[PDB]
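Here's a solo chain for you in structure tokens, the form deposited in one PDB entry.
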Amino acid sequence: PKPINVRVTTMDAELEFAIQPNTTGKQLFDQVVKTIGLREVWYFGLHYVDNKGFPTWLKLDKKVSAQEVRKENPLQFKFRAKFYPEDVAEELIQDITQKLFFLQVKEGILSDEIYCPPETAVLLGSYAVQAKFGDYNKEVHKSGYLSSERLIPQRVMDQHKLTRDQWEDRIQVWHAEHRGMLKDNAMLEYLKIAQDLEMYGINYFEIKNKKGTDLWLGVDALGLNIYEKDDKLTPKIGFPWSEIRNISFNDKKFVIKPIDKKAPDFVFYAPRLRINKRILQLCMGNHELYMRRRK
């Protein structure tokens, strides 16, 4: 039948090939991972922009052609991590997987999505520089060698009095300390530091309690967190996956039901059904992976 042209990018590559009207999301996903030689498939998914302009995750047990992908030639998909390990250093197996996590997390730090304090930004940048440039080399890494790099999150640059040049100098000092460090190990060290950031690995959603107070829900590899609207850093209430019997989803509502029956149910409301559906998907996926690491 009539071929459908698609294009899939990962953090550092683009793939372009054709699929058929009957091709399922799983079949497309399978073609992608096999092409790049990635086997740790449980972390990843394909997202696309729907016909209304909303980023959406591709459903694997459904025809690609049946999912309202923005109609264009080629269809555009991004292959990205949807789930994060609990500890990158002990769980990730392949260099490719580790690289794609490094690139994706670094993107979120450099875009200011993931709050990073200044000294951490400098340490992180030093590993990214070691990964990209290799060992510091006086001979070729002369002043301004970091001039065209996005090194530091803009919000960090903005809340301080240092200049671009001075940030570079701080990174260079740390870059010099990493001498001999192989690229894959620099990426791993980067991820070990980022993992410790308070906003790392969390999807945030606007929600309200029954009182109508505006809050945030965070969903991550470890469980659920409830935050006050003005502070995404420090949870007010935490619900580890180990402590959750069930999360019921009814229309716009959610109800977190504890394993400990002596604890009460916690009820929340999300503003749009679209968002609620995605909360459900992330809860399901993270809970499922949580069980695996333990058994």
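Residue positions are given as counts along the sequence shown, with the first one as 1. The term rigid core refers to the most C-alpha atoms you can superpose between the two forms while keeping them within 1.5 Å.
What follows is about the form solved in complex with a partner chain, which we do not show.
- When contacts are judged by a 4.5 Å heavy atom cut-off, residue 23 counts as touching its partner chain in the deposited bound form.
- Shown alone here, residue 28 lies within 4.5 Å of its partner chain in the deposited bound form, counting heavy atoms only.
- In the deposited bound form, at least one heavy atom of residue 19 sits within 4.5 Å of its partner chain.
- At the 4.5 Å threshold, heavy atoms of residue 15 reach its partner chain in the deposited bound form.
- In summary, the region of this chain contacting its partner chain in the deposited bound form, judged by heavy atoms within 4.5 Å and restricted to 249-257, 45-53, 232-240, 28-36, corresponds to 28-36.
- The one residue among 232, 252, 257, 26 whose Cα position changes by 2 Å or more between this form and the one not shown, with the core held fixed by superposition, is 257.
- Superposition of the core reveals a Cα shift of less than 2 Å for residue 39 between this form and the one not shown.
- Once both forms are fitted on their rigid core, the CA atom of residue 49 lies 2 Å or more apart between this form and the one not shown.
- Once the cores line up, the CA of residue 12 ends up less than 2 angstroms apart between this form and the one not shown.
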